Amino acid sequence: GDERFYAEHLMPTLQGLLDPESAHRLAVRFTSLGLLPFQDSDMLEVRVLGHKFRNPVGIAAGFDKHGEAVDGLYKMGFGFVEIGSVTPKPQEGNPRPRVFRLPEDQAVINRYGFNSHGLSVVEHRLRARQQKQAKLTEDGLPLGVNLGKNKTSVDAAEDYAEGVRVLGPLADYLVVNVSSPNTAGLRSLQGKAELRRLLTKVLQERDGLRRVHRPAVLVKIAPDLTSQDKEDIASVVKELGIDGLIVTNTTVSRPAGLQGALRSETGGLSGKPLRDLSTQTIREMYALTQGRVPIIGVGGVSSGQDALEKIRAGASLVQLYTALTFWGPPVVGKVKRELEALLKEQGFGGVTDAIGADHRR
Ligand SMILES: Cc1cc2nc3c(=O)[nH]c(=O)nc-3n(C[C@H](O)[C@H](O)[C@H](O)COP(=O)(O)O)c2cc1C
Ligand SMILES: CCOc1cccc(-c2ccc(NC(=O)/C(C#N)=C(/C)O)cc2)c1
Ligand SMILES: O=C(O)c1cc(=O)[nH]c(=O)[nH]1
């Protein structure tokens, strides 16, 4: 598992032979079969959300939408895996092409539109390995399940409620994905009144599950929120005792300077141009919640430095996806090795010490 070989040869060859969606599909297949190319220091261990995480580097939602490659992802070195988004009924998502690479920007634009095998299919897939997962979780390798809603659903809150009922018993944490830019009306669920009503329902459903089957609940937010939007979210999160936030989803913005020919495709932008917009959103959300609400930081993480910036901004854990599509599997060990070195260099005893450190200087 050599970084240079993957970065300069394997990935560019793969990217030259297949369209992005096909490459994604082959990636999932290959990962699930456990054919793949770092020993985690105690310094990387984090305890949050009612769990031990052996390292703070997770695979973000969208790579394994249907829960097919969970074990292969742990083998890749991820400290935690998040699957989804999963919708109640199966649905196909948007017409193809719907994923686009911007290699000059180390970015991706996607408009998948919640292509999902649906709750029932994912439920059975997770049930087939439920005890294996119980042991992985106990070993410090938790599982997150990200919930979406169907395109034609009338009642968004009932879609999330159904997700809580069906996959909640199989998850260490649930994500109420209220931030996809690719489902009409979805991001409006981030508004105060809508959000309070939605999350009240979600939390009631979650609280009705048996103790050993009772997941933490997080809300995943956009990087495109107004100051007022962020204030309102922070307020609702604290009012309801939401367990954490995932910050951030993809951006509908197109930062000045994008070079990719495909920069004006519709969809969510991910990877390097998102990085600091995401970090700044983490920083604001951490301040508005007084450091009391765990944050999973996501967006543009490709290095130890990227990870530590999000951690010092207030993230307890980080995730990546887009970097894997450029650098391949060696990126996971790279991020971890670099993060470990930076923690030592900056005088932190471990990840935990660094969480929110920028707010204390
Ligand atoms: C192809 C693609 C599909 C995604 N699908 C989902 C999704 O289903 N649900 C979700 O919450 N986030 C989804 N995301 C967003 C990622 O989870 C993450 O928030 C975002 O891509 C920023 O991280 P990154 O720059 O490391 O990719 C997707 C991202 C991409 C690249
Ligand atoms: C020889 C195998 O190397 C691997 C092993 C496991 C995964 C990967 C790999 C992971 C993700 C991707 N994904 C993409 O390239 C992509 C795009 N565009 C998306 C949307 O996932 C491709 C390859 C490559
Ligand atoms: O399915 C998608 O289109 C999608 C969902 C999401 O939450 N974020 C994203 O970038 N794409």
# chains A, B, ... in the order shown; residues from 1 in each chain; ligands from 1
call {"tool": "residues_around", "arguments": {"residues": "stretch 96-102 of chain A", "least_positions_apart": "3", "cutoff": "8 Å", "atoms": "only C-alpha atoms", "output": "PDB file with C-alpha atoms, in the first residue's frame"}}
result
ATOM      1  CA  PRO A  20     -16.693   8.423 -11.862  1.00  0.00           C
ATOM      2  CA  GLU A  21     -19.881   6.466 -11.007  1.00  0.00           C
ATOM      3  CA  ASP A 105      -9.256  21.253  -7.974  1.00  0.00           C
ATOM      4  CA  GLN A 106      -8.970  17.913  -6.148  1.00  0.00           C
ATOM      5  CA  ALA A 107     -12.767  18.217  -6.035  1.00  0.00           C
ATOM      6  CA  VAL A 108     -15.905  16.228  -6.972  1.00  0.00           C
ATOM      7  CA  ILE A 109     -19.425  17.434  -7.874  1.00  0.00           C
ATOM      8  CA  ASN A 110     -22.243  14.938  -7.307  1.00  0.00           C
ATOM      9  CA  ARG A 111     -26.012  15.008  -7.752  1.00  0.00           C
ATOM     10  CA  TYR A 112     -26.855  11.357  -6.977  1.00  0.00           C
ATOM     11  CA  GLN A 259     -10.413  25.253 -12.636  1.00  0.00           C
ATOM     12  CA  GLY A 260     -12.190  21.986 -13.485  1.00  0.00           C
ATOM     13  CA  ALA A 261     -14.014  22.021 -16.845  1.00  0.00           C
ATOM     14  CA  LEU A 262     -17.024  20.571 -14.993  1.00  0.00           C
ATOM     15  CA  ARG A 263     -17.174  23.304 -12.285  1.00  0.00           C
ATOM     16  CA  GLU A 265     -22.395  21.155 -13.155  1.00  0.00           C
TER      17      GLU A 265
END
call {"tool": "residues_near_ligand", "arguments": {"ligand": "ligand 2", "cutoff": "9 Å", "atoms": "only C-alpha atoms and all ligand atoms", "output": "JSON, numbers by chain"}}
result
{"A": [6, 10, 11, 14, 15, 18, 19, 20, 21, 22, 23, 24, 25, 26, 27, 28, 29, 30, 31, 32, 34, 35, 36, 37, 62, 63, 64, 72, 73, 76, 99, 100, 101, 108, 109, 110, 321, 322, 323, 324, 325, 326, 327, 328, 329, 330]}
call {"tool": "atom_distance", "arguments": {"atom1": "atom CA of residue A:235", "atom2": "atom CA of residue A:193"}}
result
11.2 Å
call {"tool": "residues_near_ligand", "arguments": {"ligand": "ligand 1", "cutoff": "6 Å", "atoms": "only C-alpha atoms and all ligand atoms", "output": "list in words"}}
result
residues 60, 61, 62, 65, 84, 85, 108, 110, 114, 177, 248, 249, 250, 270, 271, 298, 299, 300, 301, 320, 321, 322 and 323 of chain A
call {"tool": "select_by_dssp", "arguments": {"residues": "stretch 8-170 of chain A", "states": "helix (DSSP H, G or I)", "output": "PDB file with N, CA and C atoms, in the first residue's frame"}}
result
ATOM      1  N   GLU A   8      -0.024   8.324  -8.216  1.00  0.00           N
ATOM      2  CA  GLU A   8       0.510   8.604  -9.556  1.00  0.00           C
ATOM      3  C   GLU A   8       0.143   7.569 -10.623  1.00  0.00           C
ATOM      4  N   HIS A   9      -0.106   6.323 -10.216  1.00  0.00           N
ATOM      5  CA  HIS A   9      -0.372   5.264 -11.200  1.00  0.00           C
ATOM      6  C   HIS A   9      -1.758   4.624 -11.167  1.00  0.00           C
ATOM      7  N   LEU A  10      -2.107   3.976 -10.055  1.00  0.00           N
ATOM      8  CA  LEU A  10      -3.362   3.217  -9.974  1.00  0.00           C
ATOM      9  C   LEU A  10      -4.611   4.076 -10.161  1.00  0.00           C
ATOM     10  N   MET A  11      -4.728   5.124  -9.347  1.00  0.00           N
ATOM     11  CA  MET A  11      -5.889   6.019  -9.387  1.00  0.00           C
ATOM     12  C   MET A  11      -6.037   6.768 -10.723  1.00  0.00           C
ATOM     13  N   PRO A  12      -4.962   7.422 -11.217  1.00  0.00           N
ATOM     14  CA  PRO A  12      -5.108   8.073 -12.527  1.00  0.00           C
ATOM     15  C   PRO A  12      -5.468   7.091 -13.647  1.00  0.00           C
ATOM     16  N   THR A  13      -4.961   5.857 -13.576  1.00  0.00           N
ATOM     17  CA  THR A  13      -5.306   4.828 -14.564  1.00  0.00           C
ATOM     18  C   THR A  13      -6.784   4.470 -14.459  1.00  0.00           C
ATOM     19  N   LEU A  14      -7.233   4.180 -13.237  1.00  0.00           N
ATOM     20  CA  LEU A  14      -8.642   3.911 -12.970  1.00  0.00           C
ATOM     21  C   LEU A  14      -9.532   5.054 -13.465  1.00  0.00           C
ATOM     22  N   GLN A  15      -9.132   6.292 -13.163  1.00  0.00           N
ATOM     23  CA  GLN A  15      -9.894   7.497 -13.533  1.00  0.00           C
ATOM     24  C   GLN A  15      -9.899   7.705 -15.059  1.00  0.00           C
ATOM     25  N   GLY A  16      -8.861   7.206 -15.730  1.00  0.00           N
ATOM     26  CA  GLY A  16      -8.767   7.272 -17.188  1.00  0.00           C
ATOM     27  C   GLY A  16      -9.590   6.202 -17.886  1.00  0.00           C
ATOM     28  N   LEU A  17      -9.839   5.088 -17.203  1.00  0.00           N
ATOM     29  CA  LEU A  17     -10.569   3.973 -17.807  1.00  0.00           C
ATOM     30  C   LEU A  17     -12.087   4.000 -17.582  1.00  0.00           C
ATOM     31  N   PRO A  20     -16.744   8.364 -13.331  1.00  0.00           N
ATOM     32  CA  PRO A  20     -16.693   8.423 -11.862  1.00  0.00           C
ATOM     33  C   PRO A  20     -17.674   7.466 -11.172  1.00  0.00           C
ATOM     34  N   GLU A  21     -18.917   7.381 -11.644  1.00  0.00           N
ATOM     35  CA  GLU A  21     -19.881   6.466 -11.007  1.00  0.00           C
ATOM     36  C   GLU A  21     -19.453   4.987 -11.100  1.00  0.00           C
ATOM     37  N   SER A  22     -18.952   4.586 -12.274  1.00  0.00           N
ATOM     38  CA  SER A  22     -18.469   3.232 -12.466  1.00  0.00           C
ATOM     39  C   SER A  22     -17.306   2.948 -11.545  1.00  0.00           C
ATOM     40  N   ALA A  23     -16.390   3.915 -11.428  1.00  0.00           N
ATOM     41  CA  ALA A  23     -15.234   3.785 -10.543  1.00  0.00           C
ATOM     42  C   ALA A  23     -15.698   3.606  -9.083  1.00  0.00           C
ATOM     43  N   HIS A  24     -16.684   4.402  -8.684  1.00  0.00           N
ATOM     44  CA  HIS A  24     -17.271   4.310  -7.348  1.00  0.00           C
ATOM     45  C   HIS A  24     -17.828   2.902  -7.096  1.00  0.00           C
ATOM     46  N   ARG A  25     -18.636   2.435  -8.036  1.00  0.00           N
ATOM     47  CA  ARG A  25     -19.242   1.115  -7.972  1.00  0.00           C
ATOM     48  C   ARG A  25     -18.215  -0.004  -7.873  1.00  0.00           C
ATOM     49  N   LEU A  26     -17.167   0.056  -8.690  1.00  0.00           N
ATOM     50  CA  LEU A  26     -16.078  -0.915  -8.614  1.00  0.00           C
ATOM     51  C   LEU A  26     -15.331  -0.847  -7.280  1.00  0.00           C
ATOM     52  N   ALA A  27     -15.077   0.379  -6.808  1.00  0.00           N
ATOM     53  CA  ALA A  27     -14.493   0.635  -5.493  1.00  0.00           C
ATOM     54  C   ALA A  27     -15.299  -0.042  -4.371  1.00  0.00           C
ATOM     55  N   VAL A  28     -16.616   0.099  -4.398  1.00  0.00           N
ATOM     56  CA  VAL A  28     -17.452  -0.511  -3.358  1.00  0.00           C
ATOM     57  C   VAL A  28     -17.310  -2.045  -3.418  1.00  0.00           C
ATOM     58  N   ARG A  29     -17.458  -2.593  -4.621  1.00  0.00           N
ATOM     59  CA  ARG A  29     -17.297  -4.039  -4.888  1.00  0.00           C
ATOM     60  C   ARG A  29     -15.964  -4.563  -4.391  1.00  0.00           C
ATOM     61  N   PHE A  30     -14.903  -3.867  -4.767  1.00  0.00           N
ATOM     62  CA  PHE A  30     -13.569  -4.289  -4.417  1.00  0.00           C
ATOM     63  C   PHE A  30     -13.329  -4.257  -2.909  1.00  0.00           C
ATOM     64  N   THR A  31     -13.804  -3.184  -2.275  1.00  0.00           N
ATOM     65  CA  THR A  31     -13.675  -3.012  -0.830  1.00  0.00           C
ATOM     66  C   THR A  31     -14.436  -4.118  -0.090  1.00  0.00           C
ATOM     67  N   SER A  32     -15.652  -4.409  -0.548  1.00  0.00           N
ATOM     68  CA  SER A  32     -16.505  -5.377   0.127  1.00  0.00           C
ATOM     69  C   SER A  32     -15.890  -6.771   0.130  1.00  0.00           C
ATOM     70  N   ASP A  42      -2.336   4.675  20.892  1.00  0.00           N
ATOM     71  CA  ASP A  42      -3.284   5.091  21.932  1.00  0.00           C
ATOM     72  C   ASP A  42      -3.626   6.581  21.836  1.00  0.00           C
ATOM     73  N   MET A  43      -2.680   7.382  21.336  1.00  0.00           N
ATOM     74  CA  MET A  43      -2.869   8.835  21.177  1.00  0.00           C
ATOM     75  C   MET A  43      -4.060   9.196  20.263  1.00  0.00           C
ATOM     76  N   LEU A  44      -4.453   8.262  19.392  1.00  0.00           N
ATOM     77  CA  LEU A  44      -5.514   8.501  18.404  1.00  0.00           C
ATOM     78  C   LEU A  44      -6.898   8.097  18.932  1.00  0.00           C
ATOM     79  N   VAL A  70     -18.838  -2.421   4.736  1.00  0.00           N
ATOM     80  CA  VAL A  70     -18.503  -1.970   6.078  1.00  0.00           C
ATOM     81  C   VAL A  70     -17.215  -2.635   6.590  1.00  0.00           C
ATOM     82  N   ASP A  71     -17.139  -3.957   6.480  1.00  0.00           N
ATOM     83  CA  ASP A  71     -15.971  -4.668   7.005  1.00  0.00           C
ATOM     84  C   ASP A  71     -14.678  -4.326   6.242  1.00  0.00           C
ATOM     85  N   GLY A  72     -14.803  -4.183   4.930  1.00  0.00           N
ATOM     86  CA  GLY A  72     -13.693  -3.804   4.063  1.00  0.00           C
ATOM     87  C   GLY A  72     -13.202  -2.417   4.408  1.00  0.00           C
ATOM     88  N   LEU A  73     -14.123  -1.533   4.800  1.00  0.00           N
ATOM     89  CA  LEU A  73     -13.758  -0.188   5.246  1.00  0.00           C
ATOM     90  C   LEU A  73     -12.999  -0.171   6.564  1.00  0.00           C
ATOM     91  N   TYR A  74     -13.412  -0.987   7.533  1.00  0.00           N
ATOM     92  CA  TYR A  74     -12.602  -1.127   8.735  1.00  0.00           C
ATOM     93  C   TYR A  74     -11.198  -1.655   8.399  1.00  0.00           C
ATOM     94  N   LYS A  75     -11.124  -2.610   7.472  1.00  0.00           N
ATOM     95  CA  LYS A  75      -9.837  -3.148   7.047  1.00  0.00           C
ATOM     96  C   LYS A  75      -8.926  -2.065   6.431  1.00  0.00           C
ATOM     97  N   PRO A 103     -10.328  17.192 -11.388  1.00  0.00           N
ATOM     98  CA  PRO A 103      -8.970  16.852 -10.908  1.00  0.00           C
ATOM     99  C   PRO A 103      -8.081  18.084 -10.634  1.00  0.00           C
ATOM    100  N   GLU A 104      -8.204  19.148 -11.416  1.00  0.00           N
ATOM    101  CA  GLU A 104      -7.384  20.361 -11.179  1.00  0.00           C
ATOM    102  C   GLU A 104      -7.702  21.001  -9.817  1.00  0.00           C
ATOM    103  N   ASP A 105      -8.854  20.648  -9.240  1.00  0.00           N
ATOM    104  CA  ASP A 105      -9.256  21.253  -7.974  1.00  0.00           C
ATOM    105  C   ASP A 105      -9.251  20.253  -6.824  1.00  0.00           C
ATOM    106  N   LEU A 119     -34.572   0.991   3.247  1.00  0.00           N
ATOM    107  CA  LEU A 119     -34.436   0.506   4.612  1.00  0.00           C
ATOM    108  C   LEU A 119     -34.403  -1.023   4.759  1.00  0.00           C
ATOM    109  N   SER A 120     -35.348  -1.713   4.115  1.00  0.00           N
ATOM    110  CA  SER A 120     -35.498  -3.155   4.290  1.00  0.00           C
ATOM    111  C   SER A 120     -34.248  -3.915   3.823  1.00  0.00           C
ATOM    112  N   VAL A 121     -33.746  -3.568   2.639  1.00  0.00           N
ATOM    113  CA  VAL A 121     -32.558  -4.217   2.106  1.00  0.00           C
ATOM    114  C   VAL A 121     -31.358  -3.982   3.042  1.00  0.00           C
ATOM    115  N   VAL A 122     -31.166  -2.739   3.484  1.00  0.00           N
ATOM    116  CA  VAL A 122     -30.040  -2.400   4.363  1.00  0.00           C
ATOM    117  C   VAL A 122     -30.171  -3.065   5.753  1.00  0.00           C
ATOM    118  N   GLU A 123     -31.388  -3.080   6.291  1.00  0.00           N
ATOM    119  CA  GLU A 123     -31.689  -3.773   7.547  1.00  0.00           C
ATOM    120  C   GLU A 123     -31.175  -5.227   7.522  1.00  0.00           C
ATOM    121  N   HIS A 124     -31.529  -5.957   6.473  1.00  0.00           N
ATOM    122  CA  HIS A 124     -31.143  -7.364   6.382  1.00  0.00           C
ATOM    123  C   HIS A 124     -29.636  -7.538   6.190  1.00  0.00           C
ATOM    124  N   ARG A 125     -29.039  -6.656   5.400  1.00  0.00           N
ATOM    125  CA  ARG A 125     -27.593  -6.646   5.204  1.00  0.00           C
ATOM    126  C   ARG A 125     -26.861  -6.423   6.539  1.00  0.00           C
ATOM    127  N   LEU A 126     -27.350  -5.488   7.345  1.00  0.00           N
ATOM    128  CA  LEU A 126     -26.726  -5.234   8.636  1.00  0.00           C
ATOM    129  C   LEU A 126     -27.039  -6.356   9.621  1.00  0.00           C
ATOM    130  N   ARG A 127     -28.244  -6.916   9.545  1.00  0.00           N
ATOM    131  CA  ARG A 127     -28.590  -8.016  10.466  1.00  0.00           C
ATOM    132  C   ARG A 127     -27.667  -9.217  10.249  1.00  0.00           C
ATOM    133  N   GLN A 130     -24.702  -8.381  12.417  1.00  0.00           N
ATOM    134  CA  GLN A 130     -25.020  -7.616  13.634  1.00  0.00           C
ATOM    135  C   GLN A 130     -24.092  -7.984  14.799  1.00  0.00           C
ATOM    136  N   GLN A 131     -23.821  -9.283  14.981  1.00  0.00           N
ATOM    137  CA  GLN A 131     -22.975  -9.691  16.115  1.00  0.00           C
ATOM    138  C   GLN A 131     -21.511  -9.380  15.864  1.00  0.00           C
ATOM    139  N   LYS A 132     -21.074  -9.575  14.628  1.00  0.00           N
ATOM    140  CA  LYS A 132     -19.748  -9.141  14.205  1.00  0.00           C
ATOM    141  C   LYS A 132     -19.564  -7.652  14.501  1.00  0.00           C
ATOM    142  N   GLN A 133     -20.585  -6.849  14.180  1.00  0.00           N
ATOM    143  CA  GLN A 133     -20.517  -5.412  14.461  1.00  0.00           C
ATOM    144  C   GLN A 133     -20.494  -5.128  15.953  1.00  0.00           C
ATOM    145  N   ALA A 134     -21.278  -5.871  16.729  1.00  0.00           N
ATOM    146  CA  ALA A 134     -21.309  -5.657  18.174  1.00  0.00           C
ATOM    147  C   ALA A 134     -19.905  -5.792  18.746  1.00  0.00           C
ATOM    148  N   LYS A 135     -19.131  -6.740  18.217  1.00  0.00           N
ATOM    149  CA  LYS A 135     -17.762  -6.975  18.679  1.00  0.00           C
ATOM    150  C   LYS A 135     -16.805  -5.911  18.161  1.00  0.00           C
ATOM    151  N   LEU A 136     -16.995  -5.487  16.914  1.00  0.00           N
ATOM    152  CA  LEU A 136     -16.186  -4.372  16.371  1.00  0.00           C
ATOM    153  C   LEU A 136     -16.395  -3.086  17.201  1.00  0.00           C
ATOM    154  N   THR A 137     -17.654  -2.754  17.457  1.00  0.00           N
ATOM    155  CA  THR A 137     -18.010  -1.585  18.267  1.00  0.00           C
ATOM    156  C   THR A 137     -17.301  -1.651  19.642  1.00  0.00           C
ATOM    157  N   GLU A 138     -17.461  -2.781  20.340  1.00  0.00           N
ATOM    158  CA  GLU A 138     -16.773  -3.004  21.625  1.00  0.00           C
ATOM    159  C   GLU A 138     -15.249  -2.848  21.508  1.00  0.00           C
ATOM    160  N   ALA A 156     -41.782  14.341   5.664  1.00  0.00           N
ATOM    161  CA  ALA A 156     -40.341  14.153   5.869  1.00  0.00           C
ATOM    162  C   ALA A 156     -40.045  13.546   7.230  1.00  0.00           C
ATOM    163  N   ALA A 157     -40.760  14.027   8.248  1.00  0.00           N
ATOM    164  CA  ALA A 157     -40.543  13.568   9.622  1.00  0.00           C
ATOM    165  C   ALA A 157     -40.853  12.084   9.783  1.00  0.00           C
ATOM    166  N   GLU A 158     -41.888  11.602   9.105  1.00  0.00           N
ATOM    167  CA  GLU A 158     -42.205  10.185   9.161  1.00  0.00           C
ATOM    168  C   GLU A 158     -41.162   9.315   8.453  1.00  0.00           C
ATOM    169  N   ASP A 159     -40.589   9.810   7.350  1.00  0.00           N
ATOM    170  CA  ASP A 159     -39.446   9.111   6.718  1.00  0.00           C
ATOM    171  C   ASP A 159     -38.280   8.916   7.711  1.00  0.00           C
ATOM    172  N   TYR A 160     -37.870   9.985   8.409  1.00  0.00           N
ATOM    173  CA  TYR A 160     -36.781   9.862   9.382  1.00  0.00           C
ATOM    174  C   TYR A 160     -37.180   8.960  10.545  1.00  0.00           C
ATOM    175  N   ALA A 161     -38.422   9.106  11.015  1.00  0.00           N
ATOM    176  CA  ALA A 161     -38.944   8.254  12.084  1.00  0.00           C
ATOM    177  C   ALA A 161     -38.826   6.764  11.696  1.00  0.00           C
ATOM    178  N   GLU A 162     -39.221   6.431  10.472  1.00  0.00           N
ATOM    179  CA  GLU A 162     -39.151   5.050   9.959  1.00  0.00           C
ATOM    180  C   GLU A 162     -37.702   4.573   9.958  1.00  0.00           C
ATOM    181  N   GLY A 163     -36.798   5.445   9.511  1.00  0.00           N
ATOM    182  CA  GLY A 163     -35.372   5.135   9.552  1.00  0.00           C
ATOM    183  C   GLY A 163     -34.873   4.838  10.958  1.00  0.00           C
ATOM    184  N   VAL A 164     -35.320   5.628  11.931  1.00  0.00           N
ATOM    185  CA  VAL A 164     -34.936   5.403  13.332  1.00  0.00           C
ATOM    186  C   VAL A 164     -35.429   4.035  13.799  1.00  0.00           C
ATOM    187  N   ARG A 165     -36.696   3.747  13.529  1.00  0.00           N
ATOM    188  CA  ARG A 165     -37.270   2.463  13.920  1.00  0.00           C
ATOM    189  C   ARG A 165     -36.575   1.247  13.294  1.00  0.00           C
ATOM    190  N   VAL A 166     -36.232   1.349  12.014  1.00  0.00           N
ATOM    191  CA  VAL A 166     -35.747   0.191  11.263  1.00  0.00           C
ATOM    192  C   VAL A 166     -34.240  -0.017  11.431  1.00  0.00           C
ATOM    193  N   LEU A 167     -33.444   1.059  11.288  1.00  0.00           N
ATOM    194  CA  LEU A 167     -31.962   0.951  11.411  1.00  0.00           C
ATOM    195  C   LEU A 167     -31.342   1.414  12.727  1.00  0.00           C
ATOM    196  N   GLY A 168     -32.096   2.184  13.505  1.00  0.00           N
ATOM    197  CA  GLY A 168     -31.651   2.596  14.837  1.00  0.00           C
ATOM    198  C   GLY A 168     -31.149   1.464  15.719  1.00  0.00           C
ATOM    199  N   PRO A 169     -31.885   0.328  15.758  1.00  0.00           N
ATOM    200  CA  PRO A 169     -31.418  -0.826  16.545  1.00  0.00           C
ATOM    201  C   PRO A 169     -30.116  -1.466  16.060  1.00  0.00           C
ATOM    202  N   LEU A 170     -29.689  -1.133  14.852  1.00  0.00           N
ATOM    203  CA  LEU A 170     -28.446  -1.688  14.317  1.00  0.00           C
ATOM    204  C   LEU A 170     -27.253  -0.714  14.314  1.00  0.00           C
TER     205      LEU A 170
END
call {"tool": "closest_atom_pairs", "arguments": {"of": "stretch 212-315 of chain A", "to": "stretch 339-357 of chain A", "cutoff": "8 Å", "atoms": "only C-alpha atoms", "output": "CSV"}}
result
residue,atom,partner,partner_atom,distance
A:286,CA,A:356,CA,7.6
A:291,CA,A:356,CA,7.2
A:303,CA,A:339,CA,7.6
A:304,CA,A:339,CA,4.0
A:305,CA,A:339,CA,6.5
A:307,CA,A:339,CA,6.8
A:308,CA,A:339,CA,6.4
A:311,CA,A:355,CA,5.0
A:312,CA,A:356,CA,4.5
A:313,CA,A:356,CA,5.1
A:314,CA,A:356,CA,3.8
A:315,CA,A:355,CA,6.0
call {"tool": "atom_distance", "arguments": {"atom1": "atom CA of residue A:197", "atom2": "atom CA of residue A:233"}}
result
12.4 Å
call {"tool": "closest_residue", "arguments": {"among": "A:257, A:67, A:148, A:273", "to": "ligand 3", "atoms": "only C-alpha atoms and all ligand atoms"}}
result
A:148
call {"tool": "closest_residue", "arguments": {"among": "A:252, A:174, A:236, A:199", "to": "ligand 3", "atoms": "only C-alpha atoms and all ligand atoms"}}
result
A:252
call {"tool": "closest_residue", "arguments": {"among": "A:178, A:203, A:57, A:295", "to": "ligand 3", "atoms": "only C-alpha atoms and all ligand atoms"}}
result
A:178
call {"tool": "residues_around", "arguments": {"residues": "residue A:176", "least_positions_apart": "6", "cutoff": "7 Å", "atoms": "only C-alpha atoms", "output": "VMD selection string"}}
result
chain A and resid 146 to 148 218 to 220
call {"tool": "select_by_dssp", "arguments": {"residues": "stretch 56-193 of chain A", "states": "strand (DSSP E or B)", "output": "ChimeraX atom specification"}}
result
/A:57-59,80-86,91,99-102,107-110,116,143-147,173-177
call {"tool": "atom_distance", "arguments": {"atom1": "atom CA of residue A:242", "atom2": "atom CA of residue A:221"}}
result
13.1 Å
call {"tool": "closest_residue", "arguments": {"among": "A:267, A:68, A:128, A:172", "to": "ligand 3", "atoms": "only C-alpha atoms and all ligand atoms"}}
result
A:267
call {"tool": "residues_around", "arguments": {"residues": "residue A:276", "least_positions_apart": "4", "cutoff": "10 Å", "atoms": "only C-alpha atoms", "output": "PyMOL selection string"}}
result
chain A and resi 223+272+280-282+299-301+306+309-310
call {"tool": "write_last_selection", "arguments": {"atoms": "N, CA and C atoms", "output": "mmCIF file, in the first residue's frame"}}
result
data_model
loop_
_atom_site.group_PDB
_atom_site.id
_atom_site.type_symbol
_atom_site.label_atom_id
_atom_site.label_comp_id
_atom_site.auth_asym_id
_atom_site.auth_seq_id
_atom_site.Cartn_x
_atom_site.Cartn_y
_atom_site.Cartn_z
ATOM 1 N N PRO A 223 -22.706 23.415 4.600
ATOM 2 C CA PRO A 223 -21.710 24.479 4.770
ATOM 3 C C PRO A 223 -22.260 25.845 4.262
ATOM 4 N N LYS A 272 -11.003 19.505 -1.756
ATOM 5 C CA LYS A 272 -10.201 20.646 -1.254
ATOM 6 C C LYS A 272 -10.930 22.006 -1.241
ATOM 7 N N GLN A 280 -14.385 26.361 9.110
ATOM 8 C CA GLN A 280 -15.004 27.563 9.687
ATOM 9 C C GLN A 280 -16.410 27.292 10.251
ATOM 10 N N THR A 281 -17.166 26.413 9.587
ATOM 11 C CA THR A 281 -18.498 26.032 10.074
ATOM 12 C C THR A 281 -18.381 25.244 11.382
ATOM 13 N N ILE A 282 -17.436 24.313 11.439
ATOM 14 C CA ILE A 282 -17.135 23.600 12.693
ATOM 15 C C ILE A 282 -16.808 24.588 13.816
ATOM 16 N N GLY A 299 -15.160 17.430 5.273
ATOM 17 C CA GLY A 299 -15.073 18.311 4.111
ATOM 18 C C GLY A 299 -13.626 18.650 3.791
ATOM 19 N N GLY A 300 -13.118 18.088 2.688
ATOM 20 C CA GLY A 300 -11.772 18.423 2.219
ATOM 21 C C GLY A 300 -10.617 17.877 3.051
ATOM 22 N N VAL A 301 -10.829 16.831 3.849
ATOM 23 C CA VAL A 301 -9.722 16.309 4.666
ATOM 24 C C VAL A 301 -8.904 15.345 3.797
ATOM 25 N N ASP A 306 -5.009 18.739 7.699
ATOM 26 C CA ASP A 306 -6.448 18.960 7.489
ATOM 27 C C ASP A 306 -7.261 18.446 8.689
ATOM 28 N N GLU A 309 -6.626 20.581 11.873
ATOM 29 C CA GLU A 309 -7.277 21.873 11.845
ATOM 30 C C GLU A 309 -8.746 21.749 12.258
ATOM 31 N N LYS A 310 -9.423 20.702 11.777
ATOM 32 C CA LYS A 310 -10.833 20.510 12.137
ATOM 33 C C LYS A 310 -10.943 20.146 13.610
#
call {"tool": "decode", "arguments": {"residues": "stretch 325-332 of chain A", "atoms": "N, CA and C atoms", "output": "PDB file, in the first residue's frame"}}
result
ATOM      1  N   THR A 325     -10.951   9.115  -3.358  1.00  0.00           N
ATOM      2  CA  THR A 325     -11.160   9.023  -4.804  1.00  0.00           C
ATOM      3  C   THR A 325      -9.972   9.561  -5.606  1.00  0.00           C
ATOM      4  N   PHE A 326      -9.137  10.394  -4.978  1.00  0.00           N
ATOM      5  CA  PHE A 326      -7.909  10.862  -5.622  1.00  0.00           C
ATOM      6  C   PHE A 326      -6.677  10.039  -5.255  1.00  0.00           C
ATOM      7  N   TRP A 327      -6.535   9.706  -3.970  1.00  0.00           N
ATOM      8  CA  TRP A 327      -5.326   9.064  -3.461  1.00  0.00           C
ATOM      9  C   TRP A 327      -5.464   7.564  -3.235  1.00  0.00           C
ATOM     10  N   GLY A 328      -6.700   7.084  -3.187  1.00  0.00           N
ATOM     11  CA  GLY A 328      -6.962   5.682  -2.903  1.00  0.00           C
ATOM     12  C   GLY A 328      -6.693   5.357  -1.442  1.00  0.00           C
ATOM     13  N   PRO A 329      -6.837   4.073  -1.071  1.00  0.00           N
ATOM     14  CA  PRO A 329      -6.730   3.593   0.321  1.00  0.00           C
ATOM     15  C   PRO A 329      -5.502   4.057   1.148  1.00  0.00           C
ATOM     16  N   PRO A 330      -4.306   4.240   0.527  1.00  0.00           N
ATOM     17  CA  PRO A 330      -3.192   4.703   1.366  1.00  0.00           C
ATOM     18  C   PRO A 330      -3.450   6.031   2.087  1.00  0.00           C
ATOM     19  N   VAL A 331      -4.402   6.826   1.598  1.00  0.00           N
ATOM     20  CA  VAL A 331      -4.695   8.123   2.246  1.00  0.00           C
ATOM     21  C   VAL A 331      -5.097   7.967   3.729  1.00  0.00           C
ATOM     22  N   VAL A 332      -5.743   6.851   4.086  1.00  0.00           N
ATOM     23  CA  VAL A 332      -6.191   6.659   5.473  1.00  0.00           C
ATOM     24  C   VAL A 332      -5.015   6.574   6.442  1.00  0.00           C
TER      25      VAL A 332
END
